[PDB]
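Novice: Sharing a structure here in structure tokens format.
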Amino acid sequence: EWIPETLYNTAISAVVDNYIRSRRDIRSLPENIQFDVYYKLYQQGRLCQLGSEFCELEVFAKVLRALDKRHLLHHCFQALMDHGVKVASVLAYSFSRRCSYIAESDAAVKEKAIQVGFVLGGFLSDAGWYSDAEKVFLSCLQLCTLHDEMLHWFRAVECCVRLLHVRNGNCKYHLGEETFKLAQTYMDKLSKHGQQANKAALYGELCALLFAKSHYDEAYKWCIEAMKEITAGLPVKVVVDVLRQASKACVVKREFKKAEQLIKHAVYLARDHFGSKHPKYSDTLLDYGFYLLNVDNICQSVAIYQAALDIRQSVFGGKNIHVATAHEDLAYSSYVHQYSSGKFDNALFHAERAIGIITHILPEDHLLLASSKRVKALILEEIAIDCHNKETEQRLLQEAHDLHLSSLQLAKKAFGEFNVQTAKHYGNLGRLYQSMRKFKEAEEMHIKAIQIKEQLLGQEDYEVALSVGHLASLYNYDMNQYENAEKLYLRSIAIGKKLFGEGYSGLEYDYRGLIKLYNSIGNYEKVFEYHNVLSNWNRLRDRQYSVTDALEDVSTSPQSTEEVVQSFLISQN
Amino acid sequence: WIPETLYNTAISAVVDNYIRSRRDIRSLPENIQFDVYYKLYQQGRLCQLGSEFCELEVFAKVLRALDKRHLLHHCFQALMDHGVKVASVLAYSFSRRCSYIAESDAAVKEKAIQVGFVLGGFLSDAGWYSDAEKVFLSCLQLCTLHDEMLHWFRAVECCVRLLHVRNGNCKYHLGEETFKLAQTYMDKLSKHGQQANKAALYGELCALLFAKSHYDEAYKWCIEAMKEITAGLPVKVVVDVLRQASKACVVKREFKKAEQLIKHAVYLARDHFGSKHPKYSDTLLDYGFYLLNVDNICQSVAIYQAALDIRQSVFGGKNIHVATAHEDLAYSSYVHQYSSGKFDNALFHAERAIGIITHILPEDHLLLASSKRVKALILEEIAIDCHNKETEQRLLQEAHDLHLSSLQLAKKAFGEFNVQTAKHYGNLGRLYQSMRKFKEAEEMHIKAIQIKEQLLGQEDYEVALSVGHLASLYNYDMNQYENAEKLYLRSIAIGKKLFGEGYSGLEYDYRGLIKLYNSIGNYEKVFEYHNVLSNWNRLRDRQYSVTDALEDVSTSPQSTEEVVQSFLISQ
Amino acid sequence: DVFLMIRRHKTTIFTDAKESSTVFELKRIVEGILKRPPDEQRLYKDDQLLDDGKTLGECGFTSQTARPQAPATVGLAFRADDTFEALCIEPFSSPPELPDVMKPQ
Amino acid sequence: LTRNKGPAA
Amino acid sequence: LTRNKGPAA
Amino acid sequence: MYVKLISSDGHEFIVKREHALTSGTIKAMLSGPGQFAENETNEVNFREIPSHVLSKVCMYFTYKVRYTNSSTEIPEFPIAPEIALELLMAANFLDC
Ligand SMILES: [Zn+2]
């Protein structure tokens, strides 16, 4: 049709092409005009002229005030950080240095700087530069702790809530507990005078911290508290975050019934208020995929993660920690999905894209990198046992050994010796040593994984069932302790049947191992019994399988807020 | 902790309000401007730094800080990795100002040349020879106009540098006419009752003719260069002449005479420049060349890796000097680990060199061919040492593509009857032997032997390698034993005459000769060659006790006059 | 530990003292520097006189507002013929006012 | 196959 | 190891 | 033990001698004919450095002397945006 271009966009093109000399007058333009000039500079590919203007807190504060166009600002900022210029570190250092010069000034400029720091730290937390947003929030905290007043207590507790989020995402859990204690101190000071701050976001962040620290029970308690402290006047972001973290704490506490409603309502809120192309909606989809993967809904869990990656990769450019987390989650879900197919080409592609990104942006001694190694190794080792070569298989086993060893050392250094994820690493090493034809160490690895996951978690949990299944597969096939293998198979089958019912997909390998065990030990009547049991299992597997997409189950909700929260809370007794 | 300096604190505080003081930093003293720009680099503000280093007004005041020049060589590199084409922009700006200043007095034009000399020297030091050649061409155009003695002296001083930037860019055809023009200016300056020290020019011509594989002419011109070394020469010129003369002596089979030259060059580089200087890195690189061509490979890797670590710390990442260090260390690790098969490190260095060169140089460049050939050599031995035949047919096909690209580049530039294309033919023969193409391998090795015997005498190192390759093809695979016998004997004769009884390839030659005489019936000769091989292995084990090559030079071994005079009186 | 600037017209004394130290000890310091007896000096903080018996922390000189990197101004006057002039702290030279980059032309 | 899936990401 | 090494870089 | 750092405007910043010897240039000024001032304090004339810059230099002297070799966390020296350019040339010149 060849529609003539808008005079706004035509002048924007003319001004940008003149940017060599009109670079000082553009900084004095209205905020909506000024951002469009910089977006046109990005679209023309002139990132060096764009990056020399976003490295300044004053200029970046005027483009941060365009709240509707922040979905474009995130992509521009990611392009700048991929360009090579460290805009995130430069802006954080500029704000941290500039706040100290006015921390002794009047309260009005202090509040203006606190607002600018909230905007900038929120942007850098959304983008994923948690280490570069911790500086901004820390500086806001020193701005918030010089005058004794009600609103400064409010700003300080908000600073500690947001600073708890940038320390969970940076895997700084030994500072997060201190930050939460300081936040509780300021909140108790605020409630001392009779003004009660709202603790939904704080308790949600603490729940996310404790879940990340693999303290599932205390995370469940704190998410219960956060749901108890949800009101009607909360922002949608806080409600969505609390619902997501409560669902994640519930699904790892094997309460799939409450977690389903919580995360479905969270997805409905995120899609309704924000939209289908928002970073927060992408995070909510990522947590929804986590729930689906942990409730044996793998086929649509892969599709949900692919929806989460397609949003984060469209908003946050190419090389981001958020895109990296989406890649490492989609790689593991694809790995789980094709575990009975062997087609680990897309899963390995996503797992290697989640390490080539993090190694660029994060140090090698970072905890969040270690998980991305795990997802690769469980893929690579599998590619070893499906390939038709021997040297390739040995090389893949060596590489996966390096990955699991590095991840285990990182987990031991950060978390400690005895928690859930260190035992997950031990179980991974047990599986690897079973594949590496070294079963004497595999027995020890599985035994210590069982010990850690049984003295900390329950004796009837999903992870304990998974590890007893792994250990009994180690025994009945190679180590040949048939009594222990039989009892662990029965334990795993009982736990899986209790948790996910008969339709659990993880019972197939246990049934196959038990059939092989009985063929190797006798009792052919029991062999036929478990064979028809496996036939019934496959019948139930093919039945009720043609289910709709999980993004369709989250329709326009017939349950609103203060109904999902109330249903979750009143069911705790 | 110690308090931060008020200088550094004020630098941090003047960078932060950078827009409010961007035009005032350019009015700072010349040793504060570079510190501010280095803080811009350190802070990660590469986008704000590129817009400042691309101006010759600003870069001229940065090039005059000589203590913190090694810092600048990193910053200027980072921008060239950042995507800011600083070198080409600076060369274009200098060419534009030269065009605008050519119609002016000789007093102001001389200052524009001196700014041009330091900028061109920086761009040639950093490895941007394609962009340093434009600056030196502009300086030569400035010097051409006036015909006084000072302008002729500046013109020959810019032609001894224009020859250097046309050798690192592999433009020897233009290098010949550049040397002709420098010789013309030297003759004109000599006709006016004044003599110019023609040591740097002759050293650069030696480098050109050695790179062009004209080792006889390279030796003659390095002798003529070393005749012109005086006491008043700069250390850079003396080091360059010593280094190029050492390479010419090595390739002319003068290992006893090149040893003193290269050891004194390394001593001079480590004394004046220091242990972390790019010129010291160049001397280490050519010292490793000398050590690699005298069958001292076991420590050659220890010298290239020392040379690479200096270049990779000063010149950052994607630089041609780092790429040259990689492609040289990749070939040494190929040789040093040829008997071990652990070419994972050698391949890592080889693919890193091509990854750098393909980014910064066109696909039709000679310096890419050498990097491709090293990776192709490493891929040959990895293919013949793996187990999967799909890998054996993919790696060898990639090696075939790399060798064909290298051969077509060397044939387009050097020609057909040169030595580089002859050794490319020899490598093609080796690869075709690996690919079971025995007839074409024989043809390639015959061509290589013909070309190398036509040029490199009859008892040279390269023709010995080609003869050994053809004889291993005849013996182990083609089963033409009576033809391979004479070639083994000639290879043994050359290896014993040149490198004595400690040559590394003598192992492969003895093993091939043992199998040769075993498959024909001369069993007592087979036994005597077993005990000869055992004696060779014992001798090599005894010769393994050699200290590191960076300790042979020691402290103050000789001086320039003694070494130059010894080389001169030694023919 | 408290850091001050005694600002008798153009002079400026960058001395250090403790919070527990008295004002008379500060006058003794100025005596050791300006060779004037403590009875000749009258110290002023923000146009408010300091009593001799008051400690430095009593008058409002804490280690949070008079840190070494930003010491607190303390006025001072000298007796002239059995009198006392008012504080005459002359201001430092005004720095070149850098214009705001967002100020329209 | 031989055994069950991989524990967590 | 039927052959020798390669000539030059 | 005290030195009078006279500025270009006539301001006489009387700083402790140990503090002022932090900078190399003032140490050089107080060495040789510059230490012949018998009248107690050694007056150092700074005809180029203005009062607002020399005041911040003296504050840096008493900041670095106090905060030297201290195991505690050390705050950065507060330099105003409008004074950083002038303080930078005085930090080079004074070698502090
Ligand atoms: Zn850039």
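Labels for the structure tokens follow display order: chains A, B, ..., residues from 1 in each chain, ligands from 1.
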Dump the neighbourhood of ligand 1 as a ChimeraX atom specification: all residues within 12 Å, distances computed on only C-alpha atoms and all ligand atoms.
Specialist: /A:42,45-55,79-87 /B:41,44-52,78-86
Novice: Restricted to N, CA and C atoms, what would the selected residues look like written as a short mmCIF file (atom, residue, chain, number, x, y, z; two decimals), in the first residue's frame?
Specialist:
```
data_model
loop_
_atom_site.label_atom_id
_atom_site.label_comp_id
_atom_site.auth_asym_id
_atom_site.auth_seq_id
_atom_site.Cartn_x
_atom_site.Cartn_y
_atom_site.Cartn_z
N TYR A 42 19.56 2.83 18.13
CA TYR A 42 19.73 1.39 18.24
C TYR A 42 19.33 0.68 16.96
N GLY A 45 21.73 0.58 14.24
CA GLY A 45 22.94 -0.14 14.54
C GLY A 45 24.04 0.68 15.17
N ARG A 46 23.82 1.98 15.38
CA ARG A 46 24.84 2.85 15.96
C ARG A 46 24.81 2.71 17.48
N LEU A 47 25.31 1.57 17.95
CA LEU A 47 25.31 1.31 19.39
C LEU A 47 26.38 2.11 20.11
N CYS A 48 27.46 2.48 19.43
CA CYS A 48 28.51 3.25 20.09
C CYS A 48 28.05 4.67 20.40
N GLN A 49 27.24 5.27 19.54
CA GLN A 49 26.64 6.55 19.88
C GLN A 49 25.51 6.39 20.89
N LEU A 50 24.80 5.26 20.85
CA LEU A 50 23.80 4.98 21.87
C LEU A 50 24.44 4.64 23.20
N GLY A 51 25.47 3.80 23.19
CA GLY A 51 26.12 3.38 24.42
C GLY A 51 26.88 4.48 25.12
N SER A 52 27.25 5.53 24.40
CA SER A 52 27.91 6.67 25.02
C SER A 52 26.91 7.65 25.63
N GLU A 53 25.62 7.36 25.53
CA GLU A 53 24.59 8.16 26.18
C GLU A 53 23.84 7.41 27.27
N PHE A 54 23.76 6.09 27.19
CA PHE A 54 23.14 5.30 28.25
C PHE A 54 24.09 5.02 29.40
N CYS A 55 25.37 5.35 29.26
CA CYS A 55 26.35 5.19 30.33
C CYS A 55 26.31 6.33 31.33
N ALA A 79 21.41 -5.20 24.12
CA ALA A 79 22.29 -5.01 22.98
C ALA A 79 23.55 -4.25 23.38
N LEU A 80 23.40 -3.25 24.25
CA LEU A 80 24.57 -2.51 24.73
C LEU A 80 25.49 -3.39 25.56
N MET A 81 24.92 -4.23 26.43
CA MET A 81 25.76 -5.11 27.23
C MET A 81 26.38 -6.22 26.39
N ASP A 82 25.69 -6.66 25.33
CA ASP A 82 26.30 -7.58 24.38
C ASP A 82 27.30 -6.87 23.47
N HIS A 83 27.17 -5.56 23.30
CA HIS A 83 28.11 -4.81 22.47
C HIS A 83 29.52 -4.88 23.04
N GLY A 84 29.65 -4.76 24.35
CA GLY A 84 30.95 -4.78 24.99
C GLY A 84 31.06 -3.73 26.07
N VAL A 85 30.32 -2.63 25.90
CA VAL A 85 30.32 -1.58 26.91
C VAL A 85 29.53 -2.04 28.12
N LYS A 86 30.10 -1.82 29.31
CA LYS A 86 29.49 -2.28 30.56
C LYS A 86 28.57 -1.20 31.11
N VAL A 87 27.41 -1.07 30.47
CA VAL A 87 26.47 -0.02 30.85
C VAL A 87 25.89 -0.29 32.23
N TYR B 41 38.53 3.12 29.83
CA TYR B 41 38.68 1.73 29.43
C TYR B 41 38.43 0.78 30.60
N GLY B 44 34.92 0.14 31.63
CA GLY B 44 34.12 -0.49 30.62
C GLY B 44 33.46 0.46 29.65
N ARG B 45 33.73 1.76 29.76
CA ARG B 45 33.15 2.75 28.86
C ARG B 45 33.88 2.77 27.52
N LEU B 46 33.87 1.61 26.85
CA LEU B 46 34.56 1.51 25.57
C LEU B 46 33.87 2.33 24.50
N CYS B 47 32.56 2.54 24.61
CA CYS B 47 31.85 3.32 23.61
C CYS B 47 32.19 4.80 23.72
N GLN B 48 32.38 5.31 24.94
CA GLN B 48 32.81 6.69 25.11
C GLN B 48 34.29 6.86 24.78
N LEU B 49 35.08 5.80 24.95
CA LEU B 49 36.51 5.86 24.64
C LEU B 49 36.77 5.79 23.14
N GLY B 50 35.96 5.04 22.40
CA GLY B 50 36.14 4.95 20.96
C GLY B 50 35.91 6.28 20.27
N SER B 51 34.91 7.04 20.73
CA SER B 51 34.62 8.34 20.14
C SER B 51 35.73 9.35 20.41
N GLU B 52 36.62 9.08 21.36
CA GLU B 52 37.74 9.96 21.66
C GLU B 52 39.04 9.50 21.02
N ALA B 78 41.33 -3.12 22.49
CA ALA B 78 39.98 -3.45 22.93
C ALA B 78 38.94 -2.79 22.05
N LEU B 79 39.17 -1.53 21.67
CA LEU B 79 38.27 -0.86 20.74
C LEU B 79 38.21 -1.59 19.41
N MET B 80 39.36 -2.06 18.91
CA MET B 80 39.34 -2.82 17.67
C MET B 80 38.68 -4.18 17.84
N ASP B 81 38.55 -4.67 19.07
CA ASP B 81 37.68 -5.81 19.33
C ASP B 81 36.25 -5.37 19.63
N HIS B 82 36.08 -4.13 20.09
CA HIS B 82 34.76 -3.60 20.38
C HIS B 82 33.95 -3.35 19.12
N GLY B 83 34.60 -3.34 17.96
CA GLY B 83 33.94 -3.02 16.72
C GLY B 83 34.22 -1.62 16.21
N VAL B 84 34.86 -0.78 17.01
CA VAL B 84 35.22 0.57 16.58
C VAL B 84 36.48 0.46 15.74
N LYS B 85 36.38 0.80 14.46
CA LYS B 85 37.51 0.73 13.54
C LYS B 85 38.42 1.94 13.77
N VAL B 86 39.12 1.91 14.90
CA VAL B 86 39.92 3.06 15.31
C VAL B 86 41.12 3.23 14.38
#
```
Novice: Would you mind listing what lies within 10 Å of residue F:48 as a list in words, with only C-alpha atoms counted and same-chain residues fewer than 2 positions away left out?
Specialist: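 My reading of the contact set: residues 7, 8, 9, 45, 46, 50, 51, 54 and 90 of chain F.
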Novice: Could you save those same residues with N, CA, C and O atoms as an mmCIF file, in the first residue's frame?
Specialist:
```
data_model
loop_
_atom_site.group_PDB
_atom_site.id
_atom_site.type_symbol
_atom_site.label_atom_id
_atom_site.label_comp_id
_atom_site.auth_asym_id
_atom_site.auth_seq_id
_atom_site.Cartn_x
_atom_site.Cartn_y
_atom_site.Cartn_z
ATOM 1 N N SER F 7 47.290 29.847 49.749
ATOM 2 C CA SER F 7 46.693 29.596 48.448
ATOM 3 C C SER F 7 46.893 30.806 47.537
ATOM 4 O O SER F 7 47.579 31.769 47.885
ATOM 5 N N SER F 8 46.286 30.764 46.349
ATOM 6 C CA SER F 8 46.428 31.862 45.402
ATOM 7 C C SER F 8 45.598 33.074 45.799
ATOM 8 O O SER F 8 45.935 34.200 45.417
ATOM 9 N N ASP F 9 44.516 32.871 46.547
ATOM 10 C CA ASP F 9 43.646 33.960 46.965
ATOM 11 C C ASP F 9 44.063 34.574 48.293
ATOM 12 O O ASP F 9 43.416 35.521 48.751
ATOM 13 N N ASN F 45 53.632 28.873 49.434
ATOM 14 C CA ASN F 45 52.807 29.671 48.543
ATOM 15 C C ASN F 45 52.382 28.835 47.344
ATOM 16 O O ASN F 45 53.184 28.099 46.767
ATOM 17 N N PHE F 46 51.112 28.961 46.971
ATOM 18 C CA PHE F 46 50.469 28.120 45.965
ATOM 19 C C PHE F 46 49.741 28.975 44.943
ATOM 20 O O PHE F 46 48.550 28.799 44.684
ATOM 21 N N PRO F 50 43.697 27.413 43.599
ATOM 22 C CA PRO F 50 42.725 28.289 44.264
ATOM 23 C C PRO F 50 42.389 27.781 45.657
ATOM 24 O O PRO F 50 42.779 26.689 46.068
ATOM 25 N N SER F 51 41.649 28.613 46.394
ATOM 26 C CA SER F 51 41.321 28.283 47.778
ATOM 27 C C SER F 51 40.388 27.085 47.868
ATOM 28 O O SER F 51 40.568 26.220 48.731
ATOM 29 N N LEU F 54 42.642 24.011 47.123
ATOM 30 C CA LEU F 54 43.623 23.736 48.165
ATOM 31 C C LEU F 54 42.956 23.290 49.457
ATOM 32 O O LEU F 54 43.534 22.497 50.208
ATOM 33 N N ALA F 90 45.473 19.708 40.364
ATOM 34 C CA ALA F 90 46.187 19.907 41.618
ATOM 35 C C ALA F 90 46.663 18.604 42.237
ATOM 36 O O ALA F 90 47.639 18.615 42.988
#
```
Novice: Compile a residue-level contact table for chain C against chain A at a cut-off of 10 Å, reporting for every qualifying residue the shortest atom pair and its distance in Å to one decimal, with only C-alpha atoms counted, rows ordered by chain and ascending number, as a Markdown table.
Specialist:
```
| residue | atom | partner | partner_atom | distance |
| --- | --- | --- | --- | --- |
| C:65 | CA | A:104 | CA | 8.8 |
| C:101 | CA | A:24 | CA | 7.3 |
| C:102 | CA | A:28 | CA | 4.7 |
| C:103 | CA | A:28 | CA | 6.5 |
| C:104 | CA | A:28 | CA | 5.7 |
| C:105 | CA | A:25 | CA | 7.7 |
```
Novice: Keeping only N, CA and C atoms, take the residues you just selected and write them out as a PDB file, in the first residue's frame.
Specialist:
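Produced file part.pdb, reproduced below:
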```pdb
ATOM      1  N   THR C  65      29.476  14.043  61.453  1.00  0.00           N
ATOM      2  CA  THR C  65      29.353  15.257  60.662  1.00  0.00           C
ATOM      3  C   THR C  65      30.658  16.028  60.542  1.00  0.00           C
ATOM      4  N   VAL C 101      23.674  19.894  31.634  1.00  0.00           N
ATOM      5  CA  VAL C 101      23.658  19.446  30.250  1.00  0.00           C
ATOM      6  C   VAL C 101      22.246  19.450  29.671  1.00  0.00           C
ATOM      7  N   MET C 102      21.222  19.388  30.521  1.00  0.00           N
ATOM      8  CA  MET C 102      19.835  19.360  30.083  1.00  0.00           C
ATOM      9  C   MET C 102      19.189  20.738  30.080  1.00  0.00           C
ATOM     10  N   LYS C 103      19.951  21.786  30.348  1.00  0.00           N
ATOM     11  CA  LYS C 103      19.424  23.138  30.234  1.00  0.00           C
ATOM     12  C   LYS C 103      19.233  23.476  28.762  1.00  0.00           C
ATOM     13  N   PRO C 104      18.021  23.811  28.324  1.00  0.00           N
ATOM     14  CA  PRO C 104      17.811  24.145  26.911  1.00  0.00           C
ATOM     15  C   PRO C 104      18.550  25.412  26.512  1.00  0.00           C
ATOM     16  N   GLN C 105      18.944  25.460  25.243  1.00  0.00           N
ATOM     17  CA  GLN C 105      19.655  26.614  24.703  1.00  0.00           C
ATOM     18  C   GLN C 105      18.739  27.829  24.601  1.00  0.00           C
TER      19      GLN C 105
END
```
Novice: Please list as a PyMOL selection string every residue within 12 Å of residue F:57, counting only C-alpha atoms and excluding residues in the same chain fewer than 6 positions away.
Specialist: (chain B and resi 5-7+9-10) or (chain C and resi 14+68-70) or (chain F and resi 5+7+13+15+19-20+22-23+26+46+49-51+63-64+77-79+83-84+86-96)
Novice: Could you save those same residues with N, CA and C atoms as a CSV table (one decimal), in the first residue's frame?
Specialist:
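Ended up saving to selection27.csv:
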```csv
chain,number,residue,atom,x,y,z
B,5,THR,N,44.6,7.2,46.0
B,5,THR,CA,45.3,8.4,45.7
B,5,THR,C,44.3,9.5,45.3
B,6,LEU,N,44.6,10.8,45.6
B,6,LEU,CA,43.8,11.9,45.2
B,6,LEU,C,43.8,12.0,43.7
B,7,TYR,N,44.9,11.6,43.0
B,7,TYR,CA,45.0,11.6,41.6
B,7,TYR,C,43.9,10.6,41.1
B,9,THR,N,41.4,9.3,42.7
B,9,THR,CA,40.0,9.7,43.1
B,9,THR,C,39.5,10.8,42.2
B,10,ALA,N,40.3,11.8,41.9
B,10,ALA,CA,39.9,12.9,41.0
B,10,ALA,C,39.7,12.4,39.6
C,14,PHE,N,43.4,22.9,60.1
C,14,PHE,CA,42.9,21.5,60.0
C,14,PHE,C,43.5,20.7,61.2
C,68,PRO,N,37.1,13.3,58.7
C,68,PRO,CA,38.3,13.9,58.1
C,68,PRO,C,38.0,14.3,56.7
C,69,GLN,N,37.3,13.6,55.9
C,69,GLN,CA,37.0,13.9,54.5
C,69,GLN,C,36.0,15.1,54.3
C,70,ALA,N,35.4,15.6,55.4
C,70,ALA,CA,34.6,16.7,55.4
C,70,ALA,C,34.5,17.4,56.8
F,5,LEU,N,49.8,26.5,54.3
F,5,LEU,CA,49.7,26.3,52.9
F,5,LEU,C,48.9,27.5,52.3
F,7,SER,N,47.3,29.8,49.7
F,7,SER,CA,46.7,29.6,48.4
F,7,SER,C,46.9,30.8,47.5
F,13,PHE,N,45.9,27.9,54.8
F,13,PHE,CA,45.4,26.6,55.4
F,13,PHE,C,46.6,26.1,56.2
F,15,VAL,N,48.0,23.4,58.0
F,15,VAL,CA,47.8,22.0,58.2
F,15,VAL,C,49.1,21.4,58.9
F,19,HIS,N,50.8,15.8,57.8
F,19,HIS,CA,49.8,15.7,56.8
F,19,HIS,C,50.3,16.2,55.5
F,20,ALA,N,50.9,17.4,55.5
F,20,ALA,CA,51.3,18.0,54.2
F,20,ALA,C,52.4,17.2,53.5
F,22,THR,N,52.4,14.3,52.9
F,22,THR,CA,51.8,13.2,52.1
F,22,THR,C,52.1,13.5,50.6
F,23,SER,N,52.0,14.7,50.2
F,23,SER,CA,52.2,15.1,48.8
F,23,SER,C,53.7,15.3,48.5
F,26,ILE,N,54.8,19.2,47.9
F,26,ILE,CA,54.9,20.0,49.1
F,26,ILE,C,56.2,19.6,49.9
F,46,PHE,N,51.1,29.0,47.0
F,46,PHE,CA,50.5,28.1,46.0
F,46,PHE,C,49.7,29.0,44.9
F,49,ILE,N,47.1,27.2,42.7
F,49,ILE,CA,46.0,26.5,43.3
F,49,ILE,C,45.0,27.4,44.0
F,50,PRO,N,43.7,27.4,43.6
F,50,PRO,CA,42.7,28.3,44.3
F,50,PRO,C,42.4,27.8,45.7
F,51,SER,N,41.6,28.6,46.4
F,51,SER,CA,41.3,28.3,47.8
F,51,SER,C,40.4,27.1,47.9
F,63,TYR,N,42.6,13.3,55.5
F,63,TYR,CA,41.9,12.1,55.3
F,63,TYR,C,42.8,10.9,55.1
F,64,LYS,N,43.8,11.0,54.3
F,64,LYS,CA,44.7,9.9,54.0
F,64,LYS,C,45.6,9.6,55.2
F,77,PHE,N,37.1,9.5,48.9
F,77,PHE,CA,37.1,10.9,49.2
F,77,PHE,C,36.0,11.6,48.4
F,78,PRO,N,35.2,12.4,49.0
F,78,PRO,CA,34.1,13.1,48.3
F,78,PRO,C,34.6,14.3,47.5
F,79,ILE,N,34.5,14.1,46.2
F,79,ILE,CA,35.0,15.2,45.3
F,79,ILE,C,33.7,15.6,44.5
F,83,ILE,N,34.3,20.4,40.9
F,83,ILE,CA,35.6,20.6,41.4
F,83,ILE,C,36.6,19.5,41.0
F,84,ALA,N,36.1,18.4,40.4
F,84,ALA,CA,36.9,17.3,40.0
F,84,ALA,C,38.0,17.7,39.0
F,86,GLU,N,39.4,20.7,38.5
F,86,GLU,CA,40.4,21.5,39.1
F,86,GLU,C,41.2,20.7,40.1
F,87,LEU,N,40.6,19.8,40.8
F,87,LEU,CA,41.3,19.0,41.8
F,87,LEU,C,42.2,18.0,41.1
F,88,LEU,N,41.9,17.6,39.9
F,88,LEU,CA,42.7,16.6,39.2
F,88,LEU,C,44.0,17.2,38.8
F,89,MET,N,44.0,18.5,38.4
F,89,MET,CA,45.3,19.1,38.0
F,89,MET,C,46.1,19.4,39.2
F,90,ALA,N,45.5,19.7,40.4
F,90,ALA,CA,46.2,19.9,41.6
F,90,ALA,C,46.7,18.6,42.2
F,91,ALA,N,46.0,17.5,42.0
F,91,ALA,CA,46.5,16.2,42.4
F,91,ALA,C,47.7,15.7,41.7
F,92,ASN,N,47.7,16.0,40.4
F,92,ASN,CA,49.0,15.7,39.6
F,92,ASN,C,50.1,16.6,40.0
F,93,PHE,N,49.9,17.9,40.1
F,93,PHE,CA,50.9,18.9,40.4
F,93,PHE,C,51.5,18.6,41.8
F,94,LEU,N,50.6,18.3,42.8
F,94,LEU,CA,51.1,18.1,44.1
F,94,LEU,C,51.6,16.7,44.4
F,95,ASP,N,51.4,15.8,43.4
F,95,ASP,CA,51.9,14.4,43.5
F,95,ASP,C,51.3,13.7,44.8
F,96,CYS,N,50.0,14.1,45.2
F,96,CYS,CA,49.4,13.5,46.3
F,96,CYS,C,48.3,12.5,45.8
```
Novice: Pick out the residues sitting within 9 Å of residue D:1, and hand them over as a list in words; count only C-alpha atoms, and ignore anything fewer than 2 positions along from it in its own chain.
Specialist: residues 339, 340, 509, 512 and 513 of chain A; 3 and 4 of chain D
Novice: Please provide the set of residues having any atom within 7 Å of stretch 389-405 of chain B, restricted to only C-alpha atoms, with same-chain residues fewer than 5 positions apart removed, written as a ChimeraX atom specification.
Specialist: /B:369,372-373,376,379-380,383-384,428
Novice: So how many Å separate atom CA of residue A:253 and atom CA of residue A:423, to one decimal?
Specialist: 17.0 Å
Novice: Quick one: residues within 12 Å of residue E:2, only C-alpha atoms counted, chain neighbours fewer than 2 positions away excluded, as number ranges by chain?
Specialist: B: 338-339, 381, 384-385, 430, 433-434, 468-477, 505, 507-516; E: 4-5
Novice: Might you pull out every residue within 9 Å of residue E:8, with only C-alpha atoms counted and same-chain residues fewer than 2 positions away left off, and present them as a PyMOL selection string?
Specialist: (chain B and resi 293+331+370+374+420+423+462) or (chain E and resi 6)
